[PDB]
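Student: Provided herewith: my_file.cif, mmCIF, C-alpha atoms.
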```cif
data_final
loop_
_atom_site.label_atom_id
_atom_site.label_comp_id
_atom_site.auth_asym_id
_atom_site.auth_seq_id
_atom_site.Cartn_x
_atom_site.Cartn_y
_atom_site.Cartn_z
CA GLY A 169 183.05 -27.34 165.48
CA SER A 170 185.37 -27.73 162.49
CA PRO A 171 186.44 -31.37 161.90
CA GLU A 172 187.30 -30.33 158.34
CA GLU A 173 184.08 -32.06 157.32
CA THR A 174 180.54 -30.69 157.03
CA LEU A 175 177.31 -31.21 155.09
CA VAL A 176 175.91 -29.38 152.07
CA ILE A 177 172.51 -28.94 150.41
CA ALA A 178 171.82 -29.44 146.70
CA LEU A 179 169.76 -26.48 145.50
CA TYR A 180 169.03 -28.23 142.19
CA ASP A 181 168.76 -31.89 141.24
CA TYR A 182 172.24 -32.53 139.82
CA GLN A 183 172.81 -35.85 138.07
CA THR A 184 176.06 -37.81 137.76
CA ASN A 185 177.68 -38.51 134.39
CA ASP A 186 179.92 -41.18 135.84
CA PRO A 187 181.08 -42.82 139.13
CA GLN A 188 183.22 -39.69 139.37
CA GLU A 189 180.23 -37.45 140.09
CA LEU A 190 177.60 -37.98 142.78
CA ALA A 191 173.87 -37.73 142.05
CA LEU A 192 172.37 -34.90 144.10
CA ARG A 193 168.73 -34.32 145.07
CA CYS A 194 166.91 -31.04 145.62
CA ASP A 195 166.58 -30.20 149.31
CA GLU A 196 168.73 -33.23 150.09
CA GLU A 197 172.22 -32.99 151.58
CA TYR A 198 175.46 -34.96 151.57
CA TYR A 199 178.67 -35.41 153.56
CA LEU A 200 181.42 -32.96 152.67
CA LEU A 201 184.84 -34.60 152.53
CA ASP A 202 187.25 -32.45 150.53
CA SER A 203 186.20 -28.84 151.07
CA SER A 204 189.74 -27.45 151.03
CA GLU A 205 189.98 -27.89 147.27
CA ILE A 206 188.24 -25.48 144.90
CA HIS A 207 188.01 -27.20 141.51
CA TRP A 208 185.28 -29.55 142.73
CA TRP A 209 183.63 -30.35 146.06
CA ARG A 210 183.72 -33.98 147.05
CA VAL A 211 180.55 -35.29 148.69
CA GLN A 212 179.41 -38.64 150.12
CA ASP A 213 175.93 -40.10 150.52
CA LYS A 214 174.74 -42.03 153.56
CA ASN A 215 174.58 -44.99 151.17
CA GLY A 216 178.36 -44.95 150.67
CA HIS A 217 178.19 -43.19 147.30
CA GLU A 218 180.77 -40.47 146.63
CA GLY A 219 181.56 -38.23 143.68
CA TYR A 220 182.50 -34.70 142.64
CA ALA A 221 179.77 -32.14 143.23
CA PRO A 222 179.49 -28.45 142.15
CA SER A 223 179.85 -26.24 145.23
CA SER A 224 178.02 -23.60 143.20
CA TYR A 225 174.71 -25.47 142.92
CA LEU A 226 174.78 -26.01 146.67
CA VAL A 227 175.51 -24.26 149.98
CA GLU A 228 177.19 -25.10 153.28
CA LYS A 229 175.00 -26.49 156.07
CA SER A 230 177.53 -26.54 158.90
CA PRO A 231 177.04 -28.77 162.00
CA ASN A 232 173.87 -28.55 164.08
#
```
What's the structure tokens form of this structure?

Tutor:
Amino acid sequence: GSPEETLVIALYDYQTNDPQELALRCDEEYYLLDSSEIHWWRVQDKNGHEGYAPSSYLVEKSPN
């Protein structure tokens, strides 16, 4: 239960200022890709949209 990839939940509706960031929705979650880093958490939407996301305005969801 640690494929180096989990899901997160956006506490607040964070918007993207460029293809670099990923638009987040309140209550919604995304696919965590690069969690090892620390500067910025990389997330991916089920639509194939990825971008840097603030790990601060969100929390880990873990599998199951």

Student: Between A:198, A:218, A:207, A:212, single out the one closest to residue A:186, counting only C-alpha atoms.

Tutor: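 Comparing A:198, A:218, A:207, A:212 against residue A:186, the winner is A:218.
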
Student: Skipping near chain neighbours, those fewer than 4 positions away, what residues fall within 12 Å of residue A:173 using all atoms listed in the file, listed as a PDB file with C-alpha atoms, in the coordinates of the input?

Tutor:
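Output file result.pdb is given in full below:
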```pdb
ATOM      1  CA  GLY A 169     183.050 -27.340 165.480  1.00  0.00           C
ATOM      2  CA  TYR A 198     175.460 -34.960 151.570  1.00  0.00           C
ATOM      3  CA  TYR A 199     178.670 -35.410 153.560  1.00  0.00           C
ATOM      4  CA  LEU A 200     181.420 -32.960 152.670  1.00  0.00           C
ATOM      5  CA  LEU A 201     184.840 -34.600 152.530  1.00  0.00           C
ATOM      6  CA  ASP A 202     187.250 -32.450 150.530  1.00  0.00           C
ATOM      7  CA  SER A 203     186.200 -28.840 151.070  1.00  0.00           C
ATOM      8  CA  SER A 204     189.740 -27.450 151.030  1.00  0.00           C
ATOM      9  CA  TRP A 209     183.630 -30.350 146.060  1.00  0.00           C
ATOM     10  CA  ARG A 210     183.720 -33.980 147.050  1.00  0.00           C
ATOM     11  CA  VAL A 211     180.550 -35.290 148.690  1.00  0.00           C
ATOM     12  CA  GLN A 212     179.410 -38.640 150.120  1.00  0.00           C
ATOM     13  CA  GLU A 228     177.190 -25.100 153.280  1.00  0.00           C
ATOM     14  CA  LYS A 229     175.000 -26.490 156.070  1.00  0.00           C
ATOM     15  CA  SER A 230     177.530 -26.540 158.900  1.00  0.00           C
ATOM     16  CA  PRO A 231     177.040 -28.770 162.000  1.00  0.00           C
TER      17      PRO A 231
END
```

Student: If the PyMOL selection byres ((chain A and resi 189) around 12) were run on this exact file, what residues would it hold? Put them as a list in words.

Tutor: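 Applied to this file, the PyMOL selection byres ((chain A and resi 189) around 12) selects residues 182, 183, 184, 185, 186, 187, 188, 190, 191, 192, 208, 209, 210, 211, 212, 213, 217, 218, 219, 220, 221 and 222 of chain A.
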
Student: Just the residues within 12 Å of residue A:195, please, counting only C-alpha atoms, with nothing from its chain fewer than 6 positions along; format it as a list in words.

Tutor: residues 176, 177, 178, 179, 180, 181, 182, 225, 226, 227 and 229 of chain A

Student: Can you take stretch 187-230 of chain A from the block and write N, CA and C atoms as a PDB file, in the first residue's frame?

Tutor:
```pdb
ATOM      1  N   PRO A 187      -0.804  26.409 -17.570  1.00  0.00           N
ATOM      2  CA  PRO A 187      -0.688  24.941 -17.764  1.00  0.00           C
ATOM      3  C   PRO A 187       0.229  24.286 -16.726  1.00  0.00           C
ATOM      4  N   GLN A 188       1.021  25.103 -16.042  1.00  0.00           N
ATOM      5  CA  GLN A 188       1.938  24.591 -15.036  1.00  0.00           C
ATOM      6  C   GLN A 188       1.174  24.151 -13.794  1.00  0.00           C
ATOM      7  N   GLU A 189       0.152  24.916 -13.423  1.00  0.00           N
ATOM      8  CA  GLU A 189      -0.664  24.586 -12.253  1.00  0.00           C
ATOM      9  C   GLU A 189      -1.921  23.853 -12.686  1.00  0.00           C
ATOM     10  N   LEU A 190      -2.517  23.121 -11.745  1.00  0.00           N
ATOM     11  CA  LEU A 190      -3.732  22.358 -12.024  1.00  0.00           C
ATOM     12  C   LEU A 190      -4.902  22.909 -11.212  1.00  0.00           C
ATOM     13  N   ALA A 191      -5.999  23.212 -11.901  1.00  0.00           N
ATOM     14  CA  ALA A 191      -7.184  23.740 -11.233  1.00  0.00           C
ATOM     15  C   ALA A 191      -7.734  22.707 -10.260  1.00  0.00           C
ATOM     16  N   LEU A 192      -7.918  23.117  -9.005  1.00  0.00           N
ATOM     17  CA  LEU A 192      -8.432  22.217  -7.971  1.00  0.00           C
ATOM     18  C   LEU A 192      -9.835  22.639  -7.557  1.00  0.00           C
ATOM     19  N   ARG A 193     -10.630  21.672  -7.101  1.00  0.00           N
ATOM     20  CA  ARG A 193     -12.011  21.942  -6.680  1.00  0.00           C
ATOM     21  C   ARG A 193     -12.197  21.524  -5.224  1.00  0.00           C
ATOM     22  N   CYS A 194     -13.003  22.284  -4.502  1.00  0.00           N
ATOM     23  CA  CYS A 194     -13.255  21.989  -3.102  1.00  0.00           C
ATOM     24  C   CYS A 194     -13.956  20.650  -2.951  1.00  0.00           C
ATOM     25  N   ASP A 195     -13.426  19.819  -2.058  1.00  0.00           N
ATOM     26  CA  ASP A 195     -13.994  18.495  -1.807  1.00  0.00           C
ATOM     27  C   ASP A 195     -13.487  17.492  -2.836  1.00  0.00           C
ATOM     28  N   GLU A 196     -13.084  17.983  -4.010  1.00  0.00           N
ATOM     29  CA  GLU A 196     -12.593  17.106  -5.050  1.00  0.00           C
ATOM     30  C   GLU A 196     -11.190  16.627  -4.713  1.00  0.00           C
ATOM     31  N   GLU A 197     -10.732  15.608  -5.434  1.00  0.00           N
ATOM     32  CA  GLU A 197      -9.396  15.065  -5.242  1.00  0.00           C
ATOM     33  C   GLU A 197      -8.706  14.864  -6.583  1.00  0.00           C
ATOM     34  N   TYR A 198      -7.416  14.573  -6.518  1.00  0.00           N
ATOM     35  CA  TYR A 198      -6.612  14.351  -7.723  1.00  0.00           C
ATOM     36  C   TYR A 198      -5.601  13.236  -7.496  1.00  0.00           C
ATOM     37  N   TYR A 199      -4.898  12.863  -8.557  1.00  0.00           N
ATOM     38  CA  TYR A 199      -3.893  11.797  -8.486  1.00  0.00           C
ATOM     39  C   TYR A 199      -2.527  12.369  -8.159  1.00  0.00           C
ATOM     40  N   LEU A 200      -1.948  11.914  -7.057  1.00  0.00           N
ATOM     41  CA  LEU A 200      -0.636  12.397  -6.652  1.00  0.00           C
ATOM     42  C   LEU A 200       0.447  11.650  -7.406  1.00  0.00           C
ATOM     43  N   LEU A 201       1.305  12.403  -8.078  1.00  0.00           N
ATOM     44  CA  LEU A 201       2.402  11.810  -8.848  1.00  0.00           C
ATOM     45  C   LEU A 201       3.738  11.982  -8.142  1.00  0.00           C
ATOM     46  N   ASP A 202       4.178  13.227  -8.029  1.00  0.00           N
ATOM     47  CA  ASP A 202       5.454  13.525  -7.377  1.00  0.00           C
ATOM     48  C   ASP A 202       5.215  14.028  -5.964  1.00  0.00           C
ATOM     49  N   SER A 203       5.232  13.110  -5.001  1.00  0.00           N
ATOM     50  CA  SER A 203       5.018  13.477  -3.605  1.00  0.00           C
ATOM     51  C   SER A 203       6.352  13.578  -2.868  1.00  0.00           C
ATOM     52  N   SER A 204       7.393  12.987  -3.457  1.00  0.00           N
ATOM     53  CA  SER A 204       8.721  13.010  -2.850  1.00  0.00           C
ATOM     54  C   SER A 204       9.223  14.440  -2.713  1.00  0.00           C
ATOM     55  N   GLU A 205       9.020  15.235  -3.760  1.00  0.00           N
ATOM     56  CA  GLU A 205       9.452  16.625  -3.745  1.00  0.00           C
ATOM     57  C   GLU A 205       8.909  17.332  -2.513  1.00  0.00           C
ATOM     58  N   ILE A 206       9.047  18.656  -2.488  1.00  0.00           N
ATOM     59  CA  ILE A 206       8.582  19.454  -1.354  1.00  0.00           C
ATOM     60  C   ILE A 206       8.201  20.860  -1.815  1.00  0.00           C
ATOM     61  N   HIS A 207       8.866  21.352  -2.859  1.00  0.00           N
ATOM     62  CA  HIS A 207       8.572  22.683  -3.372  1.00  0.00           C
ATOM     63  C   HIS A 207       7.117  22.772  -3.812  1.00  0.00           C
ATOM     64  N   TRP A 208       6.676  21.783  -4.591  1.00  0.00           N
ATOM     65  CA  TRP A 208       5.299  21.762  -5.079  1.00  0.00           C
ATOM     66  C   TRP A 208       4.835  20.334  -5.350  1.00  0.00           C
ATOM     67  N   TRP A 209       3.590  20.048  -4.993  1.00  0.00           N
ATOM     68  CA  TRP A 209       3.026  18.714  -5.205  1.00  0.00           C
ATOM     69  C   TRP A 209       2.369  18.631  -6.569  1.00  0.00           C
ATOM     70  N   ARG A 210       2.817  17.645  -7.341  1.00  0.00           N
ATOM     71  CA  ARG A 210       2.281  17.427  -8.668  1.00  0.00           C
ATOM     72  C   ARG A 210       1.042  16.562  -8.589  1.00  0.00           C
ATOM     73  N   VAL A 211      -0.028  17.007  -9.241  1.00  0.00           N
ATOM     74  CA  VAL A 211      -1.286  16.267  -9.233  1.00  0.00           C
ATOM     75  C   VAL A 211      -1.779  16.045 -10.658  1.00  0.00           C
ATOM     76  N   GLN A 212      -2.688  15.083 -10.836  1.00  0.00           N
ATOM     77  CA  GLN A 212      -3.241  14.779 -12.155  1.00  0.00           C
ATOM     78  C   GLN A 212      -4.728  14.484 -12.045  1.00  0.00           C
ATOM     79  N   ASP A 213      -5.510  15.078 -12.943  1.00  0.00           N
ATOM     80  CA  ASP A 213      -6.954  14.871 -12.948  1.00  0.00           C
ATOM     81  C   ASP A 213      -7.307  13.667 -13.809  1.00  0.00           C
ATOM     82  N   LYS A 214      -8.476  13.102 -13.554  1.00  0.00           N
ATOM     83  CA  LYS A 214      -8.939  11.939 -14.304  1.00  0.00           C
ATOM     84  C   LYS A 214      -9.164  12.305 -15.769  1.00  0.00           C
ATOM     85  N   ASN A 215      -9.063  13.596 -16.073  1.00  0.00           N
ATOM     86  CA  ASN A 215      -9.267  14.074 -17.441  1.00  0.00           C
ATOM     87  C   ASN A 215      -7.942  14.139 -18.193  1.00  0.00           C
ATOM     88  N   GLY A 216      -6.845  13.878 -17.484  1.00  0.00           N
ATOM     89  CA  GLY A 216      -5.520  13.910 -18.096  1.00  0.00           C
ATOM     90  C   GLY A 216      -4.868  15.275 -17.921  1.00  0.00           C
ATOM     91  N   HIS A 217      -5.376  16.063 -16.976  1.00  0.00           N
ATOM     92  CA  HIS A 217      -4.829  17.395 -16.720  1.00  0.00           C
ATOM     93  C   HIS A 217      -3.932  17.364 -15.488  1.00  0.00           C
ATOM     94  N   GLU A 218      -2.688  17.801 -15.664  1.00  0.00           N
ATOM     95  CA  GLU A 218      -1.714  17.818 -14.568  1.00  0.00           C
ATOM     96  C   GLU A 218      -1.150  19.215 -14.359  1.00  0.00           C
ATOM     97  N   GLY A 219      -0.650  19.465 -13.155  1.00  0.00           N
ATOM     98  CA  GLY A 219      -0.073  20.762 -12.835  1.00  0.00           C
ATOM     99  C   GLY A 219       0.316  20.830 -11.365  1.00  0.00           C
ATOM    100  N   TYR A 220       1.208  21.761 -11.028  1.00  0.00           N
ATOM    101  CA  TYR A 220       1.659  21.906  -9.654  1.00  0.00           C
ATOM    102  C   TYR A 220       0.514  22.311  -8.757  1.00  0.00           C
ATOM    103  N   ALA A 221       0.451  21.700  -7.574  1.00  0.00           N
ATOM    104  CA  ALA A 221      -0.607  22.014  -6.623  1.00  0.00           C
ATOM    105  C   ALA A 221      -0.027  22.200  -5.215  1.00  0.00           C
ATOM    106  N   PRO A 222      -0.515  23.161  -4.469  1.00  0.00           N
ATOM    107  CA  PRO A 222      -0.031  23.422  -3.079  1.00  0.00           C
ATOM    108  C   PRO A 222      -0.463  22.326  -2.102  1.00  0.00           C
ATOM    109  N   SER A 223       0.517  21.596  -1.586  1.00  0.00           N
ATOM    110  CA  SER A 223       0.251  20.519  -0.633  1.00  0.00           C
ATOM    111  C   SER A 223      -0.317  21.076   0.670  1.00  0.00           C
ATOM    112  N   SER A 224      -0.208  22.385   0.828  1.00  0.00           N
ATOM    113  CA  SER A 224      -0.716  23.052   2.030  1.00  0.00           C
ATOM    114  C   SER A 224      -2.241  23.189   2.006  1.00  0.00           C
ATOM    115  N   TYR A 225      -2.788  23.551   0.854  1.00  0.00           N
ATOM    116  CA  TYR A 225      -4.232  23.745   0.733  1.00  0.00           C
ATOM    117  C   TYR A 225      -4.934  22.424   0.460  1.00  0.00           C
ATOM    118  N   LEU A 226      -4.273  21.330   0.807  1.00  0.00           N
ATOM    119  CA  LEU A 226      -4.848  20.006   0.613  1.00  0.00           C
ATOM    120  C   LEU A 226      -4.266  19.023   1.619  1.00  0.00           C
ATOM    121  N   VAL A 227      -4.813  17.812   1.645  1.00  0.00           N
ATOM    122  CA  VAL A 227      -4.333  16.777   2.566  1.00  0.00           C
ATOM    123  C   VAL A 227      -4.305  15.416   1.879  1.00  0.00           C
ATOM    124  N   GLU A 228      -3.481  14.512   2.399  1.00  0.00           N
ATOM    125  CA  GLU A 228      -3.372  13.174   1.830  1.00  0.00           C
ATOM    126  C   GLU A 228      -4.667  12.404   2.030  1.00  0.00           C
ATOM    127  N   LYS A 229      -4.969  11.515   1.086  1.00  0.00           N
ATOM    128  CA  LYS A 229      -6.189  10.703   1.154  1.00  0.00           C
ATOM    129  C   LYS A 229      -5.842   9.226   1.305  1.00  0.00           C
ATOM    130  N   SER A 230      -4.634   8.865   0.890  1.00  0.00           N
ATOM    131  CA  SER A 230      -4.184   7.481   0.988  1.00  0.00           C
ATOM    132  C   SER A 230      -5.150   6.553   0.248  1.00  0.00           C
TER     133      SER A 230
END
```
